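First, one chain by itself in structure tokens, the form deposited without the named molecule.
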């Protein structure tokens, strides 16, 4: 109830504050208010309004599944970052509560969040390498060493989250952002996150999700391995082989391990198989798989292939 009391001073205002304060306010989001977490983004006279205090790039172009992620610039500081626009009516408290206060090089830094009208604007570091999703499309598919390298980094992000009892909930290439030189990958977008003790991408769904079973951190591991397949093949699993209601096929069919490219090294194939066990209790954890994937990268000679480089044909 004292938490409830402190939230009142925050309501109706945009302030520069700390992560815990943003999390507490976000709990009330189920007309301009919020907390900005970096001095690079500054409120003006209790406000932070779109096209007034911050502006989106040029004519508005987006990234993300819904074209909801934009480049933006603080008009006062000149600082450039990314904004994810979320509809207030659909906003999930966990999108901010699960990630406010996190600190890991494997998770994209949260810069703040501001409600304005029917919008929750979530601000974060702009990673100028773009998304791993964009990279797969741009390059066709990724060589084995680079795919293992990014899976490894995603799994390190997952270790950090799972230890803290946070389920990401939608691990996929679109949700992995890259530094300008491609050397650093970080998890982003906690829209589907859950605090342990709402559907992610269907192709990446674990059998226990589709079957309505109780879910734990292992769901992120299955999804990360569907992302691995996406990286190697240039397409999602279940894209070929099945052409109807997809959720049923995930439940009834063997894991999509037949999509592992034959040319992959044995430990790569082994790692993907352990992450794609249908029963969660049999599936590798984030730590186990991260060690296996790190070893697999070493087994193919470490990271050698070019950042960008040459278009490789999708399967």
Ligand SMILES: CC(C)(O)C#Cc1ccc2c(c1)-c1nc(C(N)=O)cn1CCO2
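Numbering follows the first chain given and starts at 1. Definition used throughout: the rigid core is the maximal C-alpha set that superposes within 1.5 Å between two forms. Only residues modelled in both forms are compared.
Coordinates are lacking for 10 or more deposited residues between residue 197 and residue 198.
According to the record, the deposited sequence contains 10 or more residues between residue 30 and residue 31 that were left without coordinates.
Just going by the entry, 262 to 270 versus 59 to 67 on mean CA temperature factor gives the higher value to 59 to 67.
Across the two stretches, 167 to 175 and 200 to 208, the PDB entry reports the greater mean Cα temperature factor for 200 to 208. As recorded in the entry, 214 carries the highest CA temperature factor of 214, 152, 109, 129.
The entry assigns its greatest Cα B factor, within the set 238, 190, 160, 222, to 238.
Residue 80 sits in the highest third of its chain by CA B factor, as recorded in the PDB entry.
Per the deposited record, the Cα B-factor of residue 298 falls in the lowest third when ranked against the other modelled residues of its chain. The PDB entry assigns residue 97 a C-alpha temperature factor belonging to the middle third of its chain's modelled residues. Compared with the other modelled residues of the chain, the Cα B-factor recorded for residue 290 ranks in the lowest third. In the deposited entry, the Cα temperature factor of residue 119 sits in the middle third of values across the chain's modelled residues.
Not pictured, yet referred to below: the form solved in complex with the named molecule.
Here is the short version: of 208, 125, 116, 144, the single residue with a heavy atom within 4.5 Å of the named molecule in the deposited complex is 125. Interface residue among 219, 166, 108, 232 relative to the named molecule in the deposited complex, by the heavy atom within 4.5 Å criterion: 108. The named molecule in the deposited complex is approached by residue 95, whose closest heavy atom lies within 4.5 angstroms of it. When the named molecule is considered in the deposited complex, residue 40 lies well away from it, no heavy atom lying within 4.5 Å. Contact annotation for residue 194: none of its heavy atoms lies within 4.5 Å of the named molecule in the deposited complex. Residue contact with the named molecule in the deposited complex: residue 174 places a heavy atom within 4.5 Å of it. Across the proposed site, 69, 99 and 189 without exception bring a heavy atom within 4.5 Å of the named molecule in the deposited complex. None of 80 to 88, 136 to 144, 220 to 228, 150 to 158 except one has non-hydrogen atoms within 4.5 angstroms of the named molecule in the deposited complex; the exception is 80 to 88. Legend: core-fitted overlay between the shown form and the other one; highlighted is 97 to 99, the single run of at least 3 consecutive residues with CA shifts of 2 angstroms or more.
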